[PDB]
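The structure appears below as structure tokens.
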Amino acid sequence: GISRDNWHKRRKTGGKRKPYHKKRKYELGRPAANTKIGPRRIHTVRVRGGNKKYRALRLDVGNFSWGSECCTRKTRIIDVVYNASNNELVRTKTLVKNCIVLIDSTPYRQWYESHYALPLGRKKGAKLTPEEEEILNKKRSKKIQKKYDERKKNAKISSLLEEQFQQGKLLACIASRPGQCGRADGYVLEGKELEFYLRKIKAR
Amino acid sequence: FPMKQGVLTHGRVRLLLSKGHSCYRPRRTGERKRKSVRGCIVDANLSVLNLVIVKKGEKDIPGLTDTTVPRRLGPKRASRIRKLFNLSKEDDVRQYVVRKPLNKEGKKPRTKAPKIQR
RNA sequence: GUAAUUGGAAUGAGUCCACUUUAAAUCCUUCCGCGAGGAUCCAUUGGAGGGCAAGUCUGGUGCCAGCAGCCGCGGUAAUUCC
RNA sequence: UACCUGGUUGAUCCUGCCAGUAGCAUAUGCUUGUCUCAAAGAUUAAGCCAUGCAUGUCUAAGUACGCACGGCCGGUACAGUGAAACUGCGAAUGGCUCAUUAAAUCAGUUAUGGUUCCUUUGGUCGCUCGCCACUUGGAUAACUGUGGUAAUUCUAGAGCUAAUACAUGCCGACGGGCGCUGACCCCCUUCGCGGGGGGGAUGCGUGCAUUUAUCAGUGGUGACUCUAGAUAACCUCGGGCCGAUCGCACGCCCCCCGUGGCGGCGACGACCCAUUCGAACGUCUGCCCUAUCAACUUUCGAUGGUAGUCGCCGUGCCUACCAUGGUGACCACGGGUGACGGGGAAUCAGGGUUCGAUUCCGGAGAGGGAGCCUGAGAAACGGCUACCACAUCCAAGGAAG
């Protein structure tokens, strides 16, 4: 029952302190969850007061967020590529609160084909006629054309971001704390934040 | 020290018995006392064991397969009187209830009914 | 003030109900009764050279036994020892 | 009462200390008639302890089927009482002691023209469009019987039976409504045109709360990443709420009709939100002796920066990469303490010296150290498990501290 209190620390002037009491229950012990990627198993813990924090043992899906066009959908999680604190936690596939994790493209693909109707993920043509050309045309009227030909201006994406749509997977960032809440949510990298990690991933 | 389902250590081990397993009346809430138990393999070192027929054979084993002893505490909820008596619907569950007769010598003859539930 | 003679609308401790208190009882409080003449129903503890109030009174001891917190008294008449 | 008296000498005046004096307070010596207050195994041995105990608990209102009692006052649901058992809730308070612990503890301070915190109080609790709902499910104890070892608040087996135990889940509300998507209005500039609306078939998402991201700045604060509102999504299968609960006086409209629609008082409930008793973490300030203790801390987190881990939350409380810091003669660090701290106590001209284990408040620990489950709250010890020190029963197979 490893406490997290302070009577076991040397005080400021560099001289030890003698404990006067035992280690109490309101510094409850700390077994780390170390949430990894697989199918979903979630374990519960009672805490002080009587709340039940769900902790994350093994995760598959998250509820990540596009950001620039406010498209927040589910996605399965593909791979773990980079972590801020320790280089060891990428090679044991551990979902923590600030590991750059790798999701798929097909909810963000199919929403961008829905709100703006632009081709994306389909790079040559001539394979996309029966079910896959019926995403942009759909028998628009004159006025539905009026309100969806003006949606070419607000339709643009940063260069490095459609590029991985053509190559398959979005690298995101977890923002929830799995093993404490029980979900791996987050946002999607884009902007100068994406250049920061793409510098720090390729250079390795 | 009695047996327990699935230990199989043909001897005497000691188990940490919580509330609800067997062999332990948990004397207050959440208590876990360490008690010995006997492994589920049958041996020669048993004073007595329990043993239950599941398919009937030949003869009148005296005091064992005759004298069908009734389950005198009949069903009481209104889904278990709705389990044996086929009282389907609008049959007024009170009116075909079980009753329990009593025969003290010194007192009057009486029958006696339960409550009902649900 | 001895040594007295009596006393009497004097009494407490003590023994005794009964009420009371109390949850049940006890003290105590009240109240029949009995209850004081060397009122034998009796007051000790420490001291009596000086500090420090109070004795050169008697007997015993003889630098012994002992006293004395300090100074001191003790060696055949001791205001201090029994 | 801010007070002194005897002692170095042949006498003197001093410096001095010894002794006397009076408090109070543990102990003891001898003595003791009255009454009322009344401390009382703390000083060493926080050493070990025989036995007897010190916490359990029902109202008409969770569950009666013990004939254990009651007039069965009547052709069958329970006349009411009631041991027990399931269930809840206590037992985390009180009490005892001071072994620890010297910036730690502690104290201050922070009109219808439309028909974190159980309990307490105080709110919220038809706000969600969604084939049993006049009641959906299996098991379990008391009990009946059968047993086992010397025994223990040990319990096995067979068959019963209940729930406010554990489940499962919906009519109603409830008609619709909100935002997005998206066949229909030609009446406008349809002039080959370019147009601009209201309204629509359809198909989604729809409350409180949990988690992430974006826009704008209803009520707030020297101050907010506050509260709330708008959006796009999630909703943990050891799973959030939307009462399958129990009593009391009953009465209303009975027109489908002697069958049904309504109603008041409650007791339990119920994630949330405030509230109280709180708790935990913190801010500045304050402690006794010691230099025959002058450098300590950094391998083992020491002091700071990011990011994370759990954590109820702030933080080297950890981890990982970095930086080389921090403390000190204004006495760190180390040692002692016959040290629990504080209210206070003895004493007093003022100034102080000593005491405080002791009933009030705060800390700690139940032989020594550790680890835990349940609960809201315990690292509980009149809860358990292990070890070490102490000890008990035994039919020596094992039991209990």
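One-based numbering along the chain as shown.
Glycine too: its Cβ is placed from the backbone N, Cα and C atoms.
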Residue among A:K97, A:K169 with Swiss-Prot annotation SUMO2 cross-link is A:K169
Of A:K169, A:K192, which of the recorded sites has the most Cβ neighbours inside 10 Å? A:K169
Compare the C-alpha of A:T129 (phosphothreonine) with the C-alpha of each of the recorded positions A:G1, A:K36, A:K169, A:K192, and give the closest one. A:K169
Out of A:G1, A:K36, A:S159, A:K169, the recorded positions in the record, which is closest to A:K127 (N6-acetyllysine) when you go by Cα distance? A:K169
For A:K192 (SUMO2 cross-link), the spatially nearest of the recorded positions A:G1, A:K36, A:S159, A:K169, using Cα atoms, is A:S159
I'd like to confirm something. Which of the recorded positions, A:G1, A:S159, A:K169, has a Cα closest to the Cα of A:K36 (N6-acetyllysine)? A:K169
